[PDB]
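FYI the Cβ positions are ideal-geometry reconstructions off the backbone, even for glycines, and counts take in every protein chain you see. Every number in this text was worked out from the coordinates using simple rules, so none of it is lab data.
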Ligand code: CLA
Ligand code: CLA
Ligand code: CLA
Ligand code: CLA
Ligand code: CLA
Ligand SMILES: CC1=C(/C=C/C(C)=C/C=CC(/C)=C/C=C\C=C(C)/C=C/C=C(C)/C=C/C2=C(C)CCCC2(C)C)C(C)(C)CCC1
Ligand code: SF4
Ligand SMILES: [Ca+2]
C-alpha cells in the first residue's frame, strides 16, 4: 500500500503475532484447572487479544514487515482516524481547558487578593465557567476579531 | 467603487486612470511604490494585450496552440515555422541572441528615462495619429487602455491555468470542449476531479 | 562550431553593449554606490596604504571614459558567454519532451 | 502649581532598569520639594524580586496613561 | 632503538624540565 | 606586571593560587589584558593565526612520517580490503609479554595501533603509493610549518605589522578569498586530480620527475580552448575496473557519472576532478563582486543600507550593520563558527553516504570514527558560535549605531523568541518522550501491537523524490513521466539511480518509525540547545532580574543571594549549560548513526527497525550487547588488543564522574576545608620548614563550572570513543 | 580590591551600612533625598564582596553596586 | 462547616478529587473500549 506497507489483514507477520500471543497465553492456561479463576482470567485475556487484533485489521491499519500497525499522519483520507480526527478531538479538549482556566483568571483578577482564589479554588465560579469551553472555538474567535484575546502593547 | 460598502483607501482618490479603489494589502502605501506600480501595471497590461491576440489567432488557423508553437527548440535541430514556412533563423541560439540584444536594448531605454510620466505614457513618436490631442479623450483612452489591459491579463491567467488543467491543449480547444457540453465539461470537473 | 567566430562575436557584442548601451546605467549606479568605506570614511583615509585607487590606470583618452578595466570586465563577460555557447554546442545534450 | 501628575493616576514606568518597566502603577505622593531628582512615588500591584511594592521615580521617568 | 631514546625523553625528561622551568617562572618576582 | 601573568596586574597581585589558574585561562583573551589597543589586538590575532597554521602543518607532517616509518601503506596498497592500516608503533615499558603479543597485528614487528582516521584510503585515492611519497609530503609540511612561523614572526615587527584599516578592508579580503583561497585552490586541486590522481588510478605513477612528460589526456589542452570540452569525457573507466591497475581503464579526465566506482565503492575520481574545477571557476567569477582599487565593484556598506523594506516591518533594515560587524571581531568569529559548524556537520552527513576515498566504505570502524569525530567537533563549534554572539552583545554592541535595525529588533522582542523556542522544546520533549514511554509500556506488557509507530512518510517521500523505490510513491526520479527524470537520464541519473537503490551502501538508507522517533529527539536536542544559547545571548546585556548585566561582563560567578538568588545568571553560564545539551544532542545523533550502521554491517537491519522504537531496546540491544568484546578486553583469564579500550572505557567513566564533584559540590565547603588544612601544615613539625609561596584557596565558582564541564566532556568523548571503536573494530563489521 | 559604588537613587535608609560585615559603607550628609543622607564606600580595601548590602537595598534598581574586581588577601577573607 | 468546605477547595484536595474522577473516567473508557490505536467511528 502506502510507503511499501501492507494492510494488517493481509500481513502474515500480523497473524503470526496473534497466533504466538494466544498460544503463549494458552501455554500459561494449561497449568490451571478449567473451572479456576486464573483460567477465566487467562481466557478473558485471550478473547481480549482476539478482539484487539481483529479491530486493528478491520479498520484498515497498515502493517510493516514487523507485523505491527504503522500510522500514517500525512493526511491521507484513508487513515484520518489515526491522527487528524483524534487530533481535532484533542485540540477541542485542550482549547476547552485553556479557555476555562483563562476565564477563571480573568474573573478573579479584580479580587482584593487574587492570589487567594488561586490557592483556594472558587468552586462555584469554576462550575459556572467549566461549560463555556463547550463553545470555546466561537468565544475565542469572536474575542480575536474584537481585540479581547490579546493584551494591547505587551 | 470596486466593492460598494467598503471605505476607499486614503491614497486612492479616484483621479488616476483605473482608480476603482483596489488595494487591500496597501501595496501602494508609498507614493514611490504607487507610481512605480502605475508604470509596471501598464507594461503588464500592454504585454498581455499583445499576447492574447498572438496566443489565440494562430490557433484559429492550421498552426497549433501557443504551447506547441514554441516546441522546435526542445529538440536539437529545431527549425521555426512562421505560417508553415521554415524560416532560416529557426535555431534556438539564433533567436535567443537576437531577442536578448533587441529586447534588452529597448526595454532598458525605458529604465534610463525617469519622468516618471514618460515611463507611463511617453507618446511623441509613439503617438503619430495624435490621440493625445484632447486631454479628456486622452484620459478616457487611458481608462480604455487599463481596462483592456486588465482584461487581457485576466485572460492570460485563464490561458495558463487552463493549460495546466489540460496539459497540451488550446484555449479555443478548451472553449470547444465547453461548447460540446457546458453542463458536464466545466471547471467543476477540474475543481472536483 | 568555430571558436574564433563565437569568441569574437560574443566579446564584440559584450564590449559593444558595455560601451554604447550599458554604460550610463553602469556609471550612474557606480556613482551612487560609491567607494567602500570603514567608519564613515574610505579605506585609504582610515590608514590602509594599499587602498588608494589607481586613477592613472583609469586614465583613458576615450571620449566617454572607456579605460582598460572596462575592457577587461566586458571582455571577460564575452569570453565566458562565448565558451558557454561553445561548450553547450559540443556536448550534444538533449532532454526528452 | 502642582508639579508632576496628580495623585492616584496610572503611570507608565519608563525607567528601563525597573522591575515594572513598560508596565503601569499608581501614584501616591509627588514631592514638590525641588533638588529631589526622584519625587514621584508609585505603588505597584505585584511585588518585585525584592518583595518591594513601592519605588521613587523622576518626572521624565513616568508617563501618565489612562 | 629510537623509541628507547625519545619516549623517555618526552615522557620523563621533557615534563621534568618543563614543569621545573614553569615553576621557576611562575614563582619568580620582580 | 611584575610577575606572572605579565598581561594582568590584578592577577599578578593575587596572593593566592588563583593567580596561576586565571593567568592560564586568560592568556588568549587579548582584549582584557593591560594596555591593549586596536592595533595590538589585530596584530596578536594575526600572529596567532600563523602559529595555528604552523601547528596544523606540523601535525599533518607527523602523521605522514609515522605512516611511512612504522606503518603499512606500501603493503596496504596491495590489499586494500585485507590489510589493517597502522597508526604508529607502541613502545610502553609497562607492557607485559602478552600485551606485546596481542598488540602485534597489521603485519608489523612490534606492537602497533590500527589507524582509524582514514588517511590510508585518503592518500591512496589522491595518488600517494609508496612510503617515499609520504616522506616527501612530511618534509614539505614540516617546511610549510616553518614558513608559517616565519610569517607570524615577520608581521610582528614595525613596518610589517598592518594598520587596523588594513584588517578592516573587507571588500579586498572577500575578493581574494573567493578568487584565490577558494577558487584557485580548488582549480589547482582539480589539476592534481587530472595529472596525478586519475593517472595514478589507472596504473600511471606520475611524480615530479615525469609529470612534465606525460599527457593527462591524449588530445590534451586543445579542446579546452575550442569549446569542445566533451572530448575530456569520452572514455571513462569501465564498471569492471581495478583501481591500481589498467584493465578497464579509460582516458577521460572530467566526467559526470553520478554513481560510485563499483570496486572501491567511492565517488568517481573524474567526477571529483570535474567537481572541483566547476566550483573553482564559479568561485573565480564570484570573487570579482566587491570594489577595490579599479573603480568597479560593490560597497558592502551601501548594499546593506539599501536593503530596507518600505512599510518598516524591519524598521531601518540593515543600516549600520557594516561597521557593526567590521569593528567587532566577536561578530565575525560568531558568523565564522556558525558557518563552519554547519558545513562540518555537512561533511559528516556526506562522507558516510557519499564516500570519496577508495576502499574506505568497507573500513566500518573508520567510517564510524570519522562521523562521530566531526559531529562532536561541529557540536562544540556551534556552542562557540553562540557563545561569541553573546560576547559581541556585551563587549562590542553599540545600541545607538544599531538603532531600529534588525539587530536591535532582536533584542526588542527577546521574550517572543525565547518563549517560542521554549514552546517548541516543550512540545517536542513532551510528545517524543511520551511516545517512547508508551511503546516501552506496551512491550513490557507483551503487547507490541499497541505501539504508536508513526511512518516518517515525509522523508520517505523525499527519498522517493530522489529515485528510491522502497516506498513506491511514484514522484519525480521515481516516476517515468516527470521532466526531472527525463532531463537527467543522459548524465548523472544512471549512476545516481544505480547507487541510491543499492542495498549495500548508505546513500539514503531505508527509514522506518524508529527513525521518526530519533529524528524528533534530534529536533528536541537542537531546539533546547538553541533555546539555552539564544536566551543567554539575548539576556546577556540585561534582564528583569539583573538590568545591568552588561556592566558585569560576560563571565562572573553570580550577583549574590539577594533578590531571591542569582546563580548561573551570566551568559557564560548559559554556554556552560548548553554544552551539556550539546553533548546530549550529539550523543543521540551518534547513538543513532552507529546502531543503524552496526546492524546494517551485520546484515540485521530488522533488529534496529524493531528495537529502536522503544528505549529498553536502546539500552539492551545497543549498549549492553555491543559492550561484550569491549569489557572482555581484559578479564581474569587474560586480555587481547581490545584491552586498551576497556581501560579507556573505564577511564572515561572516571573523568566524567569526577566532573560531577565540581558541578554538584560548590566552593564554600572546600574553602573552609582548605583553611583547616593550612592550620594543619603550619602546626606540623618538620614540614612547617616548607612554606607555600601562594596561598591555598578553593577554586573559583566559574572555575569550578569550567573544570566540571571539562571533566564531563572529556569523559563523555573518551567513553564513547572507546566503546565505538572497540565494538566496531572488534567485529570489523 | 572590589569596587563599590553608590548611585543617587539612594533614599538614605542606612541598610547597606548595617548589613556590611567589614565596615566599608558610611552615611554622609546629602541634599538629594528626604533623610538628608547618602551612602559612600570609603573603605573598599576591606570589602569582601558578600553583597550583603545589595540584599538589603529597597531601591529599584539597586543603589549599592558591588563590582567584584582584583582579589587581595583582605577581599578573599583569608585568616592565613 | 464553611471552614471545612473552604479546606476541600484547597489546591491539593481539589486536584486529588479532580484527578481521581478523571482517572476513573479514563479507566472505564479504556475498559469499555480497550486498546484502540485509531478513531474507528469515522
Ligand atoms: C605534531 C606531530 C607529531 C606528533 C603528534 C608525534 C607523536 C609521536 N612521535 Mg614524532 N616526530 C615528528 C612529529 C610528531 N610526532 C616529526 C616532525 C619528527 C621528525 C621527522 C618526529 C620524529 C619522531 C621519532 C624519531 C620518534 C617519534 C616518536 C613519537 C611517539 C612518541 C612520542 C615522542 O617521542 O615525541 C616526539 C619526539 C620528537 C623528536 C618529535 C619532536 C620534533 C618535531 C620537529 C616537533 C617539534 C617539537 C617542538 C620542540 C615543540 C612542538 C610544539 C607542540 C606542537 C608540541 C608519538 C606518538 C617516537 C616513537 O616512534 O614512539 C614509538 C620516536 O622514535 N617522532
Ligand atoms: C610517560 C612516560 C613514562 C615513561 C617513559 C615511564 C617509564 C617507566 N616507568 Mg612509569 N609512570 C608514568 C610515566 C612513564 N613511565 C606516569 C605518568 C605514571 C603515573 C601513573 C607512572 C607510574 C609508574 C609506576 C608506579 C612505576 C613506573 C615504572 C616505570 C619503569 C618500568 C619499566 C622498567 O622496569 O624499567 C626499569 C626499572 C627500574 C627500577 C630501573 C629504573 C630506571 C632508572 C633508575 C631511571 C633513572 C632516573 C634518572 C636518574 C632521573 C629521571 C628523572 C629526570 C629526567 C629528571 C619504566 C622505566 C615502574 C618502576 O619505576 O619500577 C620501580 C613502577 O613502579 N611508572
Ligand atoms: C489557565 C492555565 C494556563 C494557560 C491558559 C496557559 C497558556 C499558555 N502557556 Mg502555560 N503553564 C501553566 C498554565 C497555563 N498556561 C502552568 C500552571 C504552568 C506551570 C507548570 C505553565 C507553564 C508554562 C511553560 C513553561 C510554558 C507555558 C507556555 C504557554 C503558552 C503556550 C501554550 C503551552 O505551551 O501551554 C502548555 C501548558 C503547560 C506546559 C502546563 C499546563 C497545565 C494545565 C493543563 C494548565 C492549568 C489549568 C488550570 C490549573 C485550570 C484551572 C481551573 C479553574 C477553572 C479553576 C500558552 C499561551 C509556553 C510559552 O511560553 O509560550 C510560548 C511555555 O514555555 N506555560
Ligand atoms: C576559532 C574558534 C575560537 C576562537 C578564536 C575563540 C577565541 C576566544 N574564546 Mg572561544 N569558544 C570556541 C571557539 C573559539 N574561541 C568554541 C568552539 C567554544 C565552545 C566550546 C568556545 C567557548 C568559549 C567560552 C565559554 C569562552 C571563550 C572565550 C574566548 C576568548 C578568550 C579565550 C581564552 O583566552 O581562554 C583560554 C582557553 C584555554 C586556557 C583552554 C583551556 C580549557 C581547555 C578546553 C581544556 C583542554 C581539554 C582537556 C584538558 C584536554 C584533553 C584531555 C586529555 C586527557 C586528552 C577568545 C578571544 C572566553 C572569553 O573570553 O569570553 C569573553 C570564554 O569564557 N570561548
Ligand atoms: C588570493 C590572495 C589571498 C590568499 C590566497 C589568501 C589566503 C589566506 N588568508 Mg588572506 N588576505 C588577502 C589575500 C589572500 N589571502 C588580502 C588581499 C588581504 C587584505 C584584505 C588579506 C587579509 C587576511 C587576513 C587579515 C587574514 C588572512 C588570512 C588567510 C588564511 C586563511 C586561513 C586558512 O588558511 O584557511 C584555509 C581556507 C581554505 C583552505 C579554503 C576554504 C576551506 C573550505 C571552506 C573547506 C575545506 C575544503 C575541502 C572540503 C577540504 C577537504 C579536506 C581535506 C583536504 C583533508 C589563508 C591561507 C588569515 C591569516 O592570515 O591566517 C594566517 C587572516 O587573519 N588574510
Ligand atoms: C583601437 C580602437 C578600436 C578597437 C578596439 C579593440 C578591437 C579592442 C579590444 C578588446 C578586446 C577584444 C578585449 C577582450 C577580452 C578581454 C578579456 C579580459 C578576456 C578574457 C577571458 C577570460 C576571462 C577567460 C576565462 C576562462 C578561462 C580562463 C578558461 C575557462 C573558460 C573561461 C572562458 C571562463 C575601435 C576602432 C573599436 C575604437 C577606437 C579604438
Ligand atoms: S559586598 Fe559585603 S563587604 Fe562589600 S561593601 Fe557590600 S556588604 Fe560590605
Ligand atoms: Ca542505498
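The table below gives the values:
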item	result
Computed E for residue A:154/residue A:134 - FRET, C-beta separation, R0 35 angstrom, nearest 0.05	0.75
Zero-based 10 Å bins, Cα pair distances in chain A, whole percents	9, 21, 18, 15, 18, 14, 4, 0
Rounded to 10°, Cα long-axis angle of helix B:171-180 versus longest principal axis of chain B	80
Dimensionless Rg/Rh of region B:31-191 - Kirkwood Rh, Rg from C-alpha atoms	1.03
Helix A:84-108 vs. chain A, principal-axis angle (Cα, 0 to 90°, nearest 10)	30
Gyration tensor (alpha-carbon) shape descriptor, region A:31-83, a/c threshold 1.5	prolate
Square roots of five times the Cα gyration tensor eigenvalues for region B:103-193, Å	40, 18, 11
Shielding by partners - mean other protein chain Cβ count within 10 Å, residues of A:86-96	1
Compactness index (Cα Rg / 2.2 N^0.38 Å), chain F	1.08
Chain F: relative contact order in percent, alpha carbon pairs under 8 Å with at least 6 residues between	11
Test item: F:450-461 mean partner chain Cβ contacts at 10 Å	6
Ordering of B:104-116, F:225-237, B:145-157 by packing [mean C-beta count within 10 Å, highest first]	F:225-237, B:145-157, B:104-116
Alpha-carbon radius of gyration plus Dmax, which is the widest Cα pair, for region F:471-518 in Å	12.9, 39
Projected-area mean, region F:382-474, by convex hull of Cα positions, square nanometres	11.0
Most mobile of A:59, A:20, A:116 in a GNM of chain A (Cα contacts under 10 Å)	A:116
Average silhouette area of region A:43-114, convex hull of alpha-carbon atoms, in square nanometres	8.9
Protection-proxy order for peptides G:23-31, F:252-260, each taking the mean of Cβ atoms within 10 Å per residue, highest first	F:252-260, G:23-31
Shielding by partners, peptide B:21-33 (average Cβ within 10 angstrom, other chains)	1
Degrees separating the helix A:37-58 axis from the principal Cα axis of chain A, which is the longest one	80
Alpha-carbon radius of gyration plus Dmax, which is the widest Cα pair, for chain H in Å	16.3, 50
Quarter of the Cα convex hull surface for region C:22-97, i.e. its orientation-mean projected area (nm²)	9.4
Semi-axis lengths, Å, chain G, gyration tensor of Cα atoms, sqrt of 5 times eigenvalues	24, 11, 10
Expected-Rg normalisation [2.2 N^0.38 Å, Cα atoms] applied to chain D	1.02
The protein assembly as shown - Rg and Dmax from Cα coordinates, angstrom	38.8, 121
Sorted by Cβ density within 10 Å, fewest first, the residues B:45, A:63	B:45, A:63
Percent of beta bridges antiparallel (DSSP, chain F, rounded to nearest 5)	60
Which of G:50, G:20, F:567, A:8 has the fewest Cβ neighbours within 10 Å, and the rest in rising order	F:567, G:50, G:20, A:8
